[PDB]
DNA sequence: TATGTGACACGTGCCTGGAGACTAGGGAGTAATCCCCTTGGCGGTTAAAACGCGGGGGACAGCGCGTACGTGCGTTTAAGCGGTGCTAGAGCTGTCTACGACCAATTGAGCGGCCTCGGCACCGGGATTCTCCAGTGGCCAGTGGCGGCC
DNA sequence: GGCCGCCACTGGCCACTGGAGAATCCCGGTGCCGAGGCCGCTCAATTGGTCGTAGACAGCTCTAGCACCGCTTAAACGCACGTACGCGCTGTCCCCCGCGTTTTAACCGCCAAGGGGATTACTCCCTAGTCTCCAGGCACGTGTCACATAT
């Protein structure tokens, strides 16, 4: 069940990134944007996952 | 005049780039050399799988990055945009080290 | 003239007192009421050994106190002495809560 | 029979006492209820697991070593009641 | 064979790259050597664990299996190395 | 200091859990080897690291100031003691069966090996997109002239 | 006739605007090598049957928690009131950052050495298990001084 749902998330992310085959960046973006999965795996690190695109508001100009 | 971007513009651009990117950010050979150097301090003549070195690089980069977002949270919490040594010291102590 | 201490002096005095003391700072029976209320929201007719309620207590203010030294370090980090709830949010986020 | 408000049973002076134990000398007024919510969050986070252990023991009454277990699950190991 | 100052091998622009991935907009000049010390302390902790695993394995060859054991032992579990 | 008390520390029955003798067998220690994986080394090749330099943006000092919270004090209440009743229910103990570990077989699903190919990496040309900087008018206050007044 | 207030010009400052320039993506084309799918092996998953036993159940019990009731008193609560604290403004120096230039060493690519991880084989050292037994520590009980409270 859990592999099926994370594979749904990964396939959705790959189709968002227009890729047929899933990559660890898709895995990172999928696992960080599901709050139950993210707080399930806050201390679990993915090889070559990268980070979420996240910029604080005061970092933006004006 | 020659072109010149204002400060922070290129910084935000590379922030977006490296958030977009997934690759390792430090050079492979000096990292492996440092790993061998510090592992020699505990026991002599240690041989390394390159996969082990890459795992160390990956875990180290992720650990450092997470510490850096904590530093960012401290800096914006301190009403500043420039990170400071006391921010990292605070973040380490709050995490419990 | 009725004596009045300047602000912070008393607060430091019971800071020293409660740092000296080990006794529990929570009214026990309202805390037990809150435990039974929250636990009833998941399972009805829950009965409690009093020692379990006690253990839940010192666990609770252990978490709360450690949160307050974290937030106090955050507040003095921000060059302030009056604590804000955003300090608490910062501490919770850095701890990964 | 049921209860509706006991979060206010954790009074503002009790929170003030804890902050003095935390070394906090000056406390904003916005602090108290937000801290009540935070501690409450910690409370169902522990008591859900405590109830889960209690029902899995086929007991209806909560026992203390179940609380000891649920607290060491959160990385919050407590000494003096295990066993 | 014998090397000394490879902590400086983690160069300052590499630290800037890590910071920009970390969302840092501005970096103080005092940051880099501190972060060098921090990543240092972290790395001899984890490779001390790795060395202890490897000598327990009666090996001089460090395996990534030992590495991922060490990282999950410090609560920093890494995926993707055969674990 | 006084004290009086109950927690704490120690005497005592006990039984059960640790230990002594033996056994069987099997997990681990050890020899070989080999080969695969790791180490060691040269040479382009830049990307990256470093160096420098103006210069804007940001930490930070100072101040005012208006506030929200420390401090003090009387009140109500509800926390806390303590005392009784009583029961759910945790928990302890016979029972016998579901159920699952264990032994012989055998296979077929799951893993090693290969091959290829198409998803995907790389590159180069447009299109885009943003942003930063030169103008661009409005606004506001500075400023000189003018007319009335004394 | 000079002065003063008014009035109209004016210059500088500040928000707005268009365009240029460079970064960024997107589109199309090209190679190229991991995906994955097919094929052969094998070992372990399954089937079947057995023995023993783990635990669910039944049943009791006694005990700990729940409720209540009354007293008490300190804690909470709420109001008064001062003061110090966030904190925004202003400014000011100076600190990294963008933009180059140099330079250097990382990396790839290739090549040679060997060594120790892993694998198989053999062995035997050790230990789990069984029977017997007895004493070590635990429950229970009971005096007693450390110290909490009081002054």
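These residue numbers are counts, starting from 1, taken along the chain as shown.
Quick reminder: no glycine exception, Cβ is built from N, Cα and C everywhere.
Taken from Swiss-Prot, the feature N6-crotonyllysine covers C:20, and the record attributes it to experimental evidence. Annotation source Swiss-Prot lists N6-glutaryllysine at C:20, C:79, C:86 (among others). Sequence annotations record features per position, and here Swiss-Prot assigns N6-succinyllysine to C:20 (among others). Feature annotation from Swiss-Prot assigns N6-lactoyllysine to C:20 (among others); the stated evidence is similarity to another entry. The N6-methyllysine annotation in Swiss-Prot covers C:20, C:28 (among others). The annotation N6-(2-hydroxyisobutyryl)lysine is assigned in Swiss-Prot to C:28 (among others) on the grounds of experimental evidence. If you look up Swiss-Prot, you'll see C:43 (among others) marked as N6-acetyllysine, on the strength of experimental evidence. Feature annotation from Swiss-Prot assigns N6,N6-dimethyllysine to C:43. According to Swiss-Prot, the feature phosphothreonine maps to C:44 (among others).
Counting in whole angstrom, residue C:43 (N6-acetyllysine) lies 39 from the residue listed as 'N6-crotonyllysine' by their C-alpha atoms. Checked against the residue listed as 'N6-crotonyllysine', the modified residues C:28, C:44, C:79, C:86 differ in C-alpha distance, with C:28 being the nearest. A simple Cβ count within 10 Å picks out one of the modified residues C:20, C:79, C:86 as the most packed, and that one is C:86. For the pair residue C:28 (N6-methyllysine) and residue C:79 (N6-glutaryllysine), the C-alpha distance works out to 36 angstrom. Once Cβ contacts within 10 Å are tallied over all protein chains shown, the modified residues C:28, C:43 are led by C:43. Among the modified residues C:20, C:28, C:43, C:44, C:79, C:86, none has a Cβ sitting under 8 Å from a Cβ of chain A.
A straight line from the CA of residue C:79 (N6-glutaryllysine) to the CA of residue C:86 (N6-glutaryllysine) spans 14 Å. Classification of residue C:86 (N6-glutaryllysine) by DSSP places it within a helix.
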